[PDB]
Structures are given as structure tokens and as C-alpha cells.
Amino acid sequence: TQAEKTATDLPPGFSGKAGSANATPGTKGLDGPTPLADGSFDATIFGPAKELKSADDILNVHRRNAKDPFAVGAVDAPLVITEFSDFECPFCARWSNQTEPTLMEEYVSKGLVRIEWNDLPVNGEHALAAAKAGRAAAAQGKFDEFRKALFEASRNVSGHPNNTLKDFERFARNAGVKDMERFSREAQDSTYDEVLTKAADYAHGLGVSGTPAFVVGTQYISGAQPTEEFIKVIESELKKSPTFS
């Protein structure tokens, strides 16, 4: 009785960060995307790592492409979150503003989670124009900063902000986009039209129809569910698969 034993294992509802605690952090690609030869980034990246043919192929949604300027976190993180999102969507804004920072702090910054953005424009012309602007920011390595500036500007909006070019230019300046002539041209011209069509067709082929939508490891989540739900799923998925080889 004059001894201390190690903590008992508890049911997961009382176990706190057990998946995290036992997972192997990634060590590669923590410093951002790999640039192209000219120091710009491949803003035409979209899609899965490999075709999905059945439910058995669910992990294929996660690209783990070191060149991807739409991704944050270790390319060898044990868990990937694949997100399908729309820049006019208030549920997408709420996830970005209220859930993502917690996931950055608890998981991404520790090498445990990589988050990959995928365009799924549902809100019409403003959403397509915003996605084109996002790809123009990503070409200059500023996707994350652009996304945060735009969604923080939507933090009090219950509907759609109806952003247009001058809004996107402000978010790009806020984000530190260095070549504003290239940004403004690519935000408007045909550069990203093909890839946005292909991204939408890819999401529709998975049956993903509503934003935001997520594949957290092997688990699909529809909508801006509570932060605690994302944490529980992350912990569960890290328990199932603690290491990426």
C-alpha cells in the first residue's frame, strides 16, 4: 500500500490524449511546401494520391505530396485530415476560425497531423472566384495566410460574404503575397479554370456534396462539428494507425 503503480488504462472517454501519446510524429516537410525550380509553387495540385475504387481505398484521398501548397504539417505525419471547403461557406469559415487553430496547436505543430485543403465550390460565382484567388496565393506560397485572412474577415458573417476581386487583393496583401501583379492576373484569368473544374468533379465522384467535409484518417465527417468531435476522431484514428511508414 506504500507504493505507486502506473496509471490504469481507462475507457477512451476518460483517456485524454492516449492516441497522441503513443503515435510516432512525422519529421519531414514541417517547413512548408517544396517549391518549383523558380521558387514558386504548384498551385495546380488537387485530387487524391491514387484513384479510389471502393471504401477500401479511403486513405488514397490523402496526397502526402511535399510540393502541395494547400497542405500544412509533416508529409510523413501519422494522420492526414483531407478537407473539402468553400471560401463563401460560413461553416467552412467557422471551422477555419474556431477548430483549425486548436488542431494546429495540439497536432500539426507536433508532427502528428497534416491538413490538406481541397476546393469544393458550392456557393456559385463568388466561391469559384475565391478558389481562383486561393490558388493564385498558393502559387506564391501564401495559401494558408490567404485562407486565414479571408475567413477571419468572415468571422461575424452568418451567410456568404460575396467577396470580389478587391477583397481577395486585400487578403493577398494581408497574407504577404509578394507579386501582386501575378496574383491579380491569376485571380481573374483562365490559369486555374481547368483545375477548379477537375477538383469539383473529383469531389462529386466521391459523392461529397456539402462543405466543409473531411476525411480524418479513415473517418468521414460532414460539416463543422464541434472541435471536441474532431479531437476524439483524431485520437481514435491515431490509436488505429500510430505510425506512417
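So that there is no doubt, residue numbering starts at 1 and follows the sequence shown.
As listed in the deposited structure, the average C-alpha B-factor of 223 to 231 and of 13 to 21 is greater for 13 to 21. Looking at 193 to 201 and 42 to 50 together, the entry lists the larger mean B-factor for 193 to 201, computed on C-alpha atoms.
Within the listed group 140, 97, 109, 158, the record reports its top CA B-factor for 109. In the deposited entry, the Cα temperature factor of residue 184 places it in the middle third of its chain's modelled residues. For residue 73, the recorded CA B-factor ranks within the lowest third of the chain. Only modelled residues enter the ranking.
Among all modelled residues in this chain, the alpha-carbon of residue 64 has a temperature factor (C-alpha) in the lowest third. Ranked within its chain, residue 177 lands in the middle third, by CA B factor from the PDB record. In this PDB entry, residue 104 carries a Cα temperature factor that places it within the middle third of its chain's modelled residues.
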